[PDB]
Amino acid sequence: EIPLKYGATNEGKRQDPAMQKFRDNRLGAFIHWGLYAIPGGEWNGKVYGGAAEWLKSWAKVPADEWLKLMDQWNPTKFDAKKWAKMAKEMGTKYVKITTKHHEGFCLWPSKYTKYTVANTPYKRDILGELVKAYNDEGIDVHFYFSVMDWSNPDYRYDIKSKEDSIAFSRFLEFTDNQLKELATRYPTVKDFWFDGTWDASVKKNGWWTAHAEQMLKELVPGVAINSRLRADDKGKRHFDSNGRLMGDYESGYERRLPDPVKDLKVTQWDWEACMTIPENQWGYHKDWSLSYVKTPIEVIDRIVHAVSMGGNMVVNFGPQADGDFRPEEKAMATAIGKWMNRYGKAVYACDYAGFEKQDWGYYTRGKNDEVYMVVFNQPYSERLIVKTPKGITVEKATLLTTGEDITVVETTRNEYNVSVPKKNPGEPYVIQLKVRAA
C-alpha cells in the first residue's frame, strides 16, 4: 500500500443514476471538428498521411499562422438540428464533442482566449447549438477537452525552471477557467473526456488532475470524468500506484479492444472505447484512400464486442469544414442505425453475460437476465455452440426479429447446439435465450 493524496476516489463501479445512464446508453458518436477541417490534411500542396487534426505538427506550422485558419471558418451548411437528427437515426444515445483540440481553437465563445468561434466569420456558438439540438432529441452530450494547448504560450511539456513553473501555473488557471466556463455555460453536460494529459508537466502535477475532477463534480452533479485525465502523486496515469482506477471509467481502448478471452478484468470497472472509421483519422482528412476504411459490419462488430465485455463504444465522425458530413460517414451512420433499430435490444442497457466466448459472435446480457447471441460468423455446421456456466440451463431460443422458435439440442452436460434460423438472415443477427439458474 502506497499512501496517496491524489489516487483513486471511487471503490468499484458508480451506481448512482447518472452513471447508470452513462453505461446504459452504450453507443455514442464522437465529433472531432476544429480548424484542421479546413486544410483537411493538406498544407501548401502536400497531403500528409498522419491524423488530420495533428496537421499543425506534421507541417510544422507556427501557432499564429495555424490559428489564422479562423478567418476561413464559415461552415454555412452547419445545422445543429440536422446533426442531432443524424445522431438520432444512427441510434446513438450520446455524442462526445471536441470543445477544444490540441490546436486550442474553442468551439464555444470562451472569454479566456481570442481563439474561438466568436472571432470567425461564422461567429456562432457551435458548441451551444449542438448541446441544445442533441438534448432536444434526448441525446446526452459529453465534452472532449485537450489540456495540451498549442495556442497558449504558457503551456509547458515539462518543468525545467522556475519560469516554467510560474508559466505552467498560469496555464492551469487558464485551463480551470475554461473548464468552469464549459460546466456553467452548458450545465446539461454529462461527461468530460480529457485528452493531451500525457506530458511530464501534467504527470508532475497529479494534484491538479484530482482537483479538476473534484471541481467539475461540484459544478455538475453526477458528471462522469474519464481516466485519461488522472495522474496520481507519483505521476502514474489512469490507474494509481496501488492499481486502482482513477476517474469514473477507463478510457484507454482507443482504436483497439480488450481480448474477449484474456482481458475479462475489464468487466470489473466501467469503460468506454472510441474508434475511428479509417485507421487513424479523427478530424476531417480529404483522402480516405490512404489507409483502411472500416465497413459498417466491422464497426457493428466492435460496438457489440464492447457491450459484450461491459463497455461503451463511441464511433468517430470528422465533419467537413462546410458543416456537412462526407458521404462515407452519412452511409455509415445510416447503416448502423438500420441495424440498431432491428437488433438494439441486445446493445442498449446490456452488459457482460459471463459465458465462455464462442466463435460465432458475442453474448450480451439484458436487465432481466435475457442472454442475447449476436451472430457475426455463420457456422457451415448450421449449429451455434452454447456452453453454459455451472447451474445454468437454456430453456428456449427465439429469433429476435420475428419471434420464431429456434431449436435447442443438448449435446453434452452444459453444452447445446442452438440451430441457425431456417432462413439465413443475411446480416449479423440476434437469437435471444431464456436461461434458468439452478
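Numbering starts at 1 and runs along the sequence shown. Rigid core here is just the name for the largest C-alpha set that superposes within 1.5 Å across the two forms.
- Where the structures in 8 other deposited structures of this protein are fitted on the rigid core, 247-255 is the one of 291-299 and 247-255 whose C-alphas sit farther from the shown form on average.
- Displacement analysis by core superposition in 8 other deposited structures of this protein ranks 160-168 above the other of 202-210 and 160-168 in root-mean-square C-alpha distance from the shown form.
- If you average the C-alpha B-factors over 289-297 and over 239-247, the higher value belongs to 239-247.
- Of the two stretches examined, 347-355 and 197-205, the record assigns the greater average C-alpha temperature factor to 197-205.
- If you compare the C-alpha temperature factors of 191, 272, 125, 164 in the entry, 164 comes out highest.
- Within the listed group 76, 316, 116, 146, the record reports its top CA B-factor for 76.
- For residue 53, the recorded CA B-factor ranks within the lowest third of the chain. Only modelled residues enter the ranking.
- Sort the modelled residues of the chain by CA B factor and residue 153 lands in the highest third.
- Remark: residue 9 belongs to the highest third of its chain, ranked by C-alpha B-factor as recorded.
- When the CA B factors of the chain's modelled residues are split into thirds, the value for residue 42 lands in the middle one.
- Among all modelled residues in its chain, residue 367 ranks in the highest third by Cα B-factor.
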